[PDB]
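Input: a single structure, listed below in structure tokens.
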Amino acid sequence: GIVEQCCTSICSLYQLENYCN
Amino acid sequence: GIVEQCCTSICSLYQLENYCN
Amino acid sequence: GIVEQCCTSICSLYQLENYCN
Amino acid sequence: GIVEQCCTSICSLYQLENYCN
Amino acid sequence: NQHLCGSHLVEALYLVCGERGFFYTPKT
Amino acid sequence: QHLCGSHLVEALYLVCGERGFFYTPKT
Amino acid sequence: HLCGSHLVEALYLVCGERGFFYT
Amino acid sequence: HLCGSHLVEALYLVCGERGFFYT
Amino acid sequence: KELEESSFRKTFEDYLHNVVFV
Amino acid sequence: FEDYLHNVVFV
Amino acid sequence: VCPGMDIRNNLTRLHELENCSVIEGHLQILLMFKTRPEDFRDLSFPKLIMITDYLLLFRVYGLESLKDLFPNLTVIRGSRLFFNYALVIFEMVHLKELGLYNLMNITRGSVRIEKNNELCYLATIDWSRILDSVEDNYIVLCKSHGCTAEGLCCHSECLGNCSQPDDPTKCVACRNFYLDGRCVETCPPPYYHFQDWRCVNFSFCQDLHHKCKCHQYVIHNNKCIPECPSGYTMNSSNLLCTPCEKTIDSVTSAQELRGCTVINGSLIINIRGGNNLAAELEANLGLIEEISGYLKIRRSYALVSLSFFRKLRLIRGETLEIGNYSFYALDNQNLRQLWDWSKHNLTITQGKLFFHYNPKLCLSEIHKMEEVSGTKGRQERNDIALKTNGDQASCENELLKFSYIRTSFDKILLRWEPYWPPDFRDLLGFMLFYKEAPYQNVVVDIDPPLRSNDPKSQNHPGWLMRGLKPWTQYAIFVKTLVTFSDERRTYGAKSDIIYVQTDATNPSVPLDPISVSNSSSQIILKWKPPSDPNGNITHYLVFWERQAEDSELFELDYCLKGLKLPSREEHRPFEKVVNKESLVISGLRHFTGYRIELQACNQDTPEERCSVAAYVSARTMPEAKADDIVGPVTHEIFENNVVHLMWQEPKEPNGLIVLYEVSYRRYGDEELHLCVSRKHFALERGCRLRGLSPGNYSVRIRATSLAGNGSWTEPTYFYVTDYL
Amino acid sequence: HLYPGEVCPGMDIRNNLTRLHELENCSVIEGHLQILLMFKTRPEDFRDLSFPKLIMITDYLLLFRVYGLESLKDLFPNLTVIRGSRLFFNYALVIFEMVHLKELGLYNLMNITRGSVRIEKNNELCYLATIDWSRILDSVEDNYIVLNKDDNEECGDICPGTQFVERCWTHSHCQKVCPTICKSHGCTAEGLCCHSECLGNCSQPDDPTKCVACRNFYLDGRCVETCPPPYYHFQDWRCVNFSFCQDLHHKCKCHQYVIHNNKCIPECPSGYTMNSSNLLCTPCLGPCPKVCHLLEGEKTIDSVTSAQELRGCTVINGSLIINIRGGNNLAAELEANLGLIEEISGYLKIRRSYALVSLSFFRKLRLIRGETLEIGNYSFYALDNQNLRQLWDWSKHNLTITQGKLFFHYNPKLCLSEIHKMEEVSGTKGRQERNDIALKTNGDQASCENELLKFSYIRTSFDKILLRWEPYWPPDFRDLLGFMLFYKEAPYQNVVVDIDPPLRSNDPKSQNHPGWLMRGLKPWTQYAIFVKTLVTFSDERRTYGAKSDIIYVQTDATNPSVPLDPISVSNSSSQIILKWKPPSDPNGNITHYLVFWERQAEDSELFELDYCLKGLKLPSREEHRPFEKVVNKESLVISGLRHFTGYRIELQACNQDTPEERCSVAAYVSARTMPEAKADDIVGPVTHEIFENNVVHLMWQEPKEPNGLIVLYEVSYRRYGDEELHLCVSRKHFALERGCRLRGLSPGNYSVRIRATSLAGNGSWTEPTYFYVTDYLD
């Protein structure tokens, strides 16, 4: 999920704002 | 309500005119 | 003649029926 | 022509029968 | 993003309702 | 031409049949 | 590539307040 | 790969009689 | 062998945040 | 030359 | 009994654990950066006795010990695990001790304790009392039934502690199961094993199933389960697991619906192209049988039929398309077919049929669908467009029939019946279609023939094909080409898809004849089939022939420097290599170039139709002692000491012998040299030396061949007259 | 005189000498000669074989494997000039692998005007050194005389006179050497120079009618310098009138002869069009004209390569057949090959031609003669042409169709309006009868929207565009099935959503304008957008409906994306080249790139760590900030910076600066400048203070401006006698001891150098500082 997006690949805030509320 | 109609799905004006008076 | 019709180009039977009797 | 077929590459008789009459 | 989604919904409903106006509740 | 004409008589044997055909192959 | 506890503090940086729900 | 003057006799063996025309 | 154990703890913390954050 | 020799001769 | 909860960032939601004695679930209190130890001084829930799944703690500040919050928690069942942990305590800042002195047995799972910078009393806890397996634990950076205060063992369905020993109603917790104030070993009927810790009747599971009318609860294996196990279908009366809108525009849109059977909703279809159409779509979607709602197909371009909905035998139409349609079809251009209405039966319960602008689906399929669907008398004016649908399919109600078929190998004469419309002006042409088909899992326009008459007129239009790969099955069918009438249009004919194979004809050159002479008499000739195998190749017709050595090599003086030597009807020995594309050939001379011809026959007994020739040429290996010299070394010394040498030649050489070499040296001299060629040996009958030095010489003689050197003879001893 | 015999063309006599007898009366080979591959000829065939009538060959000679041929002195003793009008790879003579050929013997060979001589593998060929080719060739450099009998010296090349050498061709024929004033015109037997339009030899000297051959040109028994009018320079050796060129042009009615540059030419030179009256190559009116006479007067066009043959055609003497059904670069390569065509003699066939939509890419095609008719006497054909929506812009493309009719069948996207336009423009309108044109299979699936839809209001957000437009209603408004908005992206103007019908229900003043918002859009992007009505085909005269205009709406110069790749390279102790890319969504004409930067001070814990402890592993590295609006530049070097200090930098992009700056979201980057060298090198004196108990207190001024900060200090003390011993001074140790303090050490003289160690590295040792404590005995 977030590790497959933000850790294996690179996230922006926008890919991290999906992991907000 | 409006998020289940106009945000998750797509509204027209007619689905938004329900959210008028 | 027939080589210019049936060999260089393509004949039907109808172009070959000219080469009948 | 024949050098590009029979000399650079390899001909059979059939590629050489084109160089007959 | 419901915020961005609802961001136009007031611009929608202001164009939709106009002089009628609209009651709009975004949160949850 | 040799392969090309070789069928033409097979063709013209079917095309003419009992009519038959005159066939000059040379050049 | 924010990884390990680096992504954890990157999340609490991006979230700040309430952050992530369970419904 | 028949090349040089060997191709000439490789041809005339295939040619034999009349060989090659000019029409 | 110690890098089979390294990746093991790491599998988790891979699996740690995938189950938490919606 | 002899490349171009037989390319022009044999039809 | 309280569910599993995740209390987050504040302890206000922890007060919802007020009257809770069982967490039916897990607990996760986490990321409380704002909690302080003042928040935990007046905060306790000793009512909690059992948690079914696990506990997780992560960065709750202010929390220092768990002896206040939950002093009477005893058993985590480990019903669900957190990567085999029933307990993860991770980065618990301010947490100094666990303090859980009533912790007695973890049934399932392990304990992860990490980065808890203040956490002590970790060595003081016997986890082996608590865990049946302490091996997977991670602490870094009265068997199980327990005892009361005097140490008397509890009931055998207690687990860890009991208010009164040996009483299943005076257990603190249950070892396996719970029913009605009592730790039960099993849930007896009618009670179902509910959540693997308790026992509930039908009505409980029933009414929660109806509240989820959410995991609508079902029943199997004496258990109120959320969902039926494998191969099982719920029985809607008694929940018994008995053995058995969405737009679709792409394959991935079907991969979500992969495996669907009954659809509680409608579907929308605008797939317009892609690879593996109707096949992935059947594999996802032929499985569907029932649809509650309607069905939409709009603008759906590249497909042609819906037969890949194999099981789809129900439209309820509960969701109707506007106009009260349970079906929709618009702009579906290449669609020629709904279904094989002789095969696929389909129920459409509600609604009508929207058939518009779908120009390849004939009305016959439509009236078939009217009859099979049971919707026939439902459709009114302009539910179905007549002039935009199947109007470009031509709907050939008749068949064209072939009157004669001749095949050559690349050529197939077809003869067939001339079709004529009743106004035969309208016959625009005839449209033969074909392609290649080695299976039967399945274009030429021809003009009209000469009408002109019919006493007995072969105005059969005929057709020869030409460029064909011979011995190849061809799915072929004709269509009429006519005009759309201004009246009730004559629909024309089209011929049947006939599967004609071209002729087991002379096949192509059998590919790659690789001739490897792996011995002095063995040559593995191997090859591939012909590129046009053109028939079931019976045998591969191998011809071979020995090529003798060249004539000029027998008559060259190889004693001359410039001796640069290459170190290499009639019936021939032949082989019909039946069903084999390799051949080793035996009975061969050593070191002799051979010429080999390969053909392939797909025909042997009647008048062998074999391939054209594949030539290859190779030389066997030499023998070793073919070149080694046989026979004696004879010296003949004259009076004038003109010494004539004689020797038997290597009678069977490796091919031939080009020259001979003789080594002569005195005790006293060195090896001097003189050569013996073929004609020099044949004329001198050996060799001839003329007049040399006194002192003893010795002679060894080598043969030199095309293959190489045949070994030196034995040292031959003789003396000429010293004369003094 | 000059040429008593006929003029004969170029010939290739092959495998037998029977065809050589066709050179009987020939005096000029108007062409070349190639006698070759005569494996069956014998020297008996060449003993009774001669053609001395031949005087000139225009192009060249080639000989190859003619057996039996031994010398050329018999076959052509009087051949004099090869013009070299055509060359065989710059050879006017190739003699190659001539078996049995022993000598050339061509003693009348005098001048080759153009070309060279290739003599190779002629295993018997001698008298090759006896020939002065420099007499014969104006350039003997490109000659190729090798691999002969002449090279490996065995030729008994005896001239009749049995380095400077005598010249011959045989044992019995010398090489005739004329005086130098007889330049190329040659000489007669007594050596008098010939006429200046003779070339090589003359029967009588100084007479252009008694030349043997002409130097440049020939007219009427006389070697002329030029062809005077009306004679045209015919084949660059003679002079012919109009009627000769004319009638050979009519015999080729083959190189139908034309006329330019006082020459009867086969074909006109560049930019020129023949004038059919007088064959005159007149300039065309850019591209060059190209009449493409086809094989069997027809050609099927099914592919791009089928058009590449017809690339450049203008007038087609024939018909064309078209069944291209798909491929890349359609109608564009097809215009580039085929828009150039203007005229067609025959008909035009288009059958089954699938993927194209229009014929407007036939830009110049303004004539169908229809001379070849399709059966039924059609000059035009259209069948099964499915995606075709258009013949031509009949407001633009005008087209003549002379003969024949129009076959319009099963072509379901071409409306009848184009058809009646074609009827009117083509002039074929009253020709077509019943069922020449199908009414119900053609354009029946194009819907032919005779009206326009009109937009009533457009709102754009950046990713979102509200359209409002007029509700269309058919007169039977049941039939309104929908509204079909089409769109795409178009940064040029070189050019799908279905919407339901709105609520009819009323019309006092009803906004039953159906409206549409788009959503996912790249902001600041031009969009070619048009609506279509969706209605029903009527059972009656069908209401054709409307479609809106292709409107080109740009989304909004909105906050642009992150300006990509901010690469911050600190190329000095005060310079940092921050470079970056534009944002992925630049979302407007980016006015400036809004660079913010900030100095990040050194970390606080580094000031209060004892770096004398082993474990000293040291990393060797509203409010308004100093900012920069980098207008029209995607790089920035920043000056005025401290040495060795980590900085934080923020990048934004603004496409809006003056009204209420709409700038990008931030692009952060952080970097540290280079150190200075002598920032860390210690300033101020090394002071020793030695007590009575020899507790020696050291003092020094610190490196006031370091490379960031100073973590520790290092002091080197060694006696004359001892070695360097060690003791550390940290930050607090320096700050508390005010320097250093040593306690009680050995007599004999010490010396002190002091190093600074920083985050960047070491600041150099101080100067060796000399002092002695009380020895108390001496």
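Residues are referred to by chain and number: the chain letter is A, B, ... according to the order shown in the structure tokens, the number counts from 1 in that chain, and ligands are numbered separately from 1 in the order shown.
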Exercise. Would you give me, as an MDAnalysis selection string, the residues in range 49-271 of chain L that DSSP reads as alpha helix (DSSP H)?
Worked result: chainID L and resid 133:136 242:251
For this session: Write out as number ranges by chain which residues come within 9 Å of residue 6 in chain A when counting only C-alpha atoms, dropping same-chain ones fewer than 6 positions away.
Result: A: 12, 15-16; G: 1-3, 7
Exercise. Expressed in Å to a single decimal, how great is the separation between CA of residue 147 in chain K and CA of residue 72 in chain K?
Worked result: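 CA of residue 72 in chain K lies 14.6 Å from CA of residue 147 in chain K.
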For this session: Name all residues at most 9 Å from residue 6 in chain E (count only C-alpha atoms; drop same-chain ones fewer than 3 positions away) and give them as a ChimeraX atom specification.
Result: /B:3,6-7 /E:1-3,9-12,26
Which residues are close to residue 2 in chain F, i.e. within 10 Å by only C-alpha atoms, leaving aside same-chain residues fewer than 5 positions away? Reply as a CSV table (one decimal) with C-alpha atoms, in the first residue's frame.
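File around_2.csv, as written:
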chain,number,residue,atom,x,y,z
D,17,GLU,CA,17.0,-20.2,-63.6
D,18,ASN,CA,15.8,-16.7,-63.3
D,21,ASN,CA,16.0,-17.2,-70.7
F,7,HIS,CA,-0.4,-23.4,-64.7
F,8,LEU,CA,-1.9,-21.4,-67.5
F,25,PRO,CA,4.9,-20.0,-74.5
F,26,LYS,CA,8.1,-18.6,-76.1
For this session: Return the Cα root-mean-square deviation, in Å, for chain G superposed on chain H by least squares with the Cα atoms paired in order.
Result: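 C-alpha RMSD after least-squares superposition: 0.3 Å.
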For this session: Give me, as a VMD selection string, the contact residues of chain L against chain B at a cut-off of 10 Å, counting only C-alpha atoms.
Result: chain L and resid 499 to 500 502 to 503 511 to 517
Problem set entry | Test item: residues at most 12 Å from range 1-9 of chain J, only C-alpha atoms, excluding those fewer than 6 positions along its chain, as a ChimeraX atom specification | /D:1-8,19-21 /H:2-11,19-22 /L:12-14,34-37,62-65,88-91,94-97,118-121,144
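Rounded to one decimal, CA of residue 16 in chain G and CA of residue 33 in chain K lie 10.4 Å from each other.
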Extract, using only C-alpha atoms, all DNA, RNA and protein residues at most 9 Å from residue 537 in chain K, discarding same-chain residues fewer than 5 positions from it, and format them as a PDB file with C-alpha atoms, in the first residue's frame.
ATOM      1  CA  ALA K 504       0.130 -33.567 -49.669  1.00  0.00           C
ATOM      2  CA  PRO K 507       7.432 -30.614 -50.594  1.00  0.00           C
ATOM      3  CA  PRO K 529      11.769 -30.527 -42.232  1.00  0.00           C
ATOM      4  CA  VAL K 578      11.071 -42.697 -42.264  1.00  0.00           C
ATOM      5  CA  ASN K 579       9.905 -40.329 -39.506  1.00  0.00           C
ATOM      6  CA  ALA K 600      11.620 -35.481 -48.247  1.00  0.00           C
ATOM      7  CA  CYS K 601       8.827 -37.753 -49.317  1.00  0.00           C
ATOM      8  CA  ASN K 602       5.285 -37.396 -48.167  1.00  0.00           C
ATOM      9  CA  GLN K 603       4.549 -40.029 -50.787  1.00  0.00           C
ATOM     10  CA  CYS K 610       9.144 -36.427 -52.871  1.00  0.00           C
TER      11      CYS K 610
END
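All chain K residues having an atom within 12 Å of chain D, based on only C-alpha atoms, amount to residues 509, 612, 613, 614 and 615 of chain K.
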Exercise. Between CA of residue 209 in chain L and CA of residue 223 in chain L, what is the distance, to one decimal in Å?
Worked result: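 Going from CA of residue 209 in chain L over to CA of residue 223 in chain L covers 6.5 Å.
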Define the interface residues of chain K facing chain I as those within 10 Å, counting only C-alpha atoms, and report them as a PDB file with N, CA and C atoms, in the first residue's frame.
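Saved result, part06.pdb, follows:
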ATOM      1  N   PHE K  82      -1.087 -10.483  14.657  1.00  0.00           N
ATOM      2  CA  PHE K  82      -0.457  -9.360  13.983  1.00  0.00           C
ATOM      3  C   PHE K  82       0.944  -9.823  13.604  1.00  0.00           C
ATOM      4  N   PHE K  83       1.044 -10.493  12.446  1.00  0.00           N
ATOM      5  CA  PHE K  83       2.257 -11.182  11.983  1.00  0.00           C
ATOM      6  C   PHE K  83       2.777 -12.141  13.058  1.00  0.00           C
ATOM      7  N   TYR K 138       9.768 -11.164  20.209  1.00  0.00           N
ATOM      8  CA  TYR K 138      10.688 -10.128  19.770  1.00  0.00           C
ATOM      9  C   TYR K 138      10.760  -9.080  20.873  1.00  0.00           C
TER      10      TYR K 138
END
